[PDB]
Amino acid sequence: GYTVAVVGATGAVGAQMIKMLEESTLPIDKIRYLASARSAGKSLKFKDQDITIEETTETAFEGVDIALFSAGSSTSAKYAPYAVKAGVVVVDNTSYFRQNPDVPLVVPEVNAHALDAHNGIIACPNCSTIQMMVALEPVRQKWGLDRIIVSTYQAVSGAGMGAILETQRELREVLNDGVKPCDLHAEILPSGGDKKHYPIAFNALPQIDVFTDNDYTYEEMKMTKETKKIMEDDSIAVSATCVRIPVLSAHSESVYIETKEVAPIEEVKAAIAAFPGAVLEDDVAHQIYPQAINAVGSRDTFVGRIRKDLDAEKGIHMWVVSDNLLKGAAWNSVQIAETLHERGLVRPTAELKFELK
């Protein structure tokens, strides 16, 4: 079996990583939980076993076969290269390595073949990107994709445990204490790493991550760039608006595409139904469509409201929902680890291709 390390085991994603590993098909001989020095020395469960949390350091990866990183880009930048140097295969949830040409950027149902060429780090795309790729790959395969316009409705758990607690606190202040939403004090959202903070309670914040120099946010540009890499087609036009809403878990997306060939609408429904990891939930006669509150806890990605554009012959609109901590993060990463195991790719890399920081 393997020795598996979870880096960021104490976080929002980390907690789901533990659950996904407990339920995985990976043969696990030893589990290690890694976090900051603040958590090091405390205890967390794996199934019924108590596991002592360790500090993430350049030397924490000895004997580890597979490490799953969900501790923020800076932690991955700092330590993933040392893990690779120790002989580990790293599956990284963060944005840091995603656009590195030596790093496969993988959703297993879509581009598992890219795993074959790994150099010790495999990147998991952004949560919003993953669920969109699951929904759209079955369409791309049959009718092609010319462009994508997406508007997201993103849950707060993607911003971490603190963001969840801040959201809960704000909502209670309004509903229990009678605080006006515009009077709320916020410290984290929309972005922990930005200068100003705004309430999320009863609000819709059109900022996820920080702004880039083209006036799209980093989250929007992640969707654009990761789509082109995952689908291996730079010709796919992608523009996104990423909005945080008061949901704790599960992202929703209003997705518009134009295909290359006209795609019969009922066949689009059938192709999505037929695609592993995608569930067709679409019966408007009975008000059946994907809903965030129903998707929480499931590894599947749910797709409905599928319908042609009123004017563009090749245009299609749909609604895509998935649990952002599962298929959006922890489940995609554990699925990657299972795929690596199943295809004989869990082995130390020959040459180091990543800068030590």
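In this text, residue numbers run from 1 along the sequence as written. C-alpha atoms forming the largest set that superposes within 1.5 Å between two forms make up the rigid core.
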293 to 301 against 36 to 44 - segment lying farther from this form in 8 other deposited structures of this protein (CA RMS, rigid core fit): 36 to 44
Residue range whose averaged C-alpha B-factor is higher in the record, 250 to 258 or 70 to 78: 70 to 78
Stretch with the higher entry mean CA B-factor, where the candidates are 118 to 126 and 261 to 269: 261 to 269
Out of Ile306, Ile293, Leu325, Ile51, residue topping the C-alpha B-factor column of the entry: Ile51
Residue with highest C-alpha B-factor in the PDB entry, from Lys225, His113, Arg244, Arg98: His113
Entry-reported Cα temperature factor of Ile316, expressed as the chain third it lands in: lowest
Chain-relative CA temperature factor third for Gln16: middle
Modelled-residue ranking by C-alpha temperature factor, third containing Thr94: middle
B-factor third for the C-alpha atom of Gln287 within its chain: middle
Lowest, middle or highest third - CA B-factor, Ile31: highest
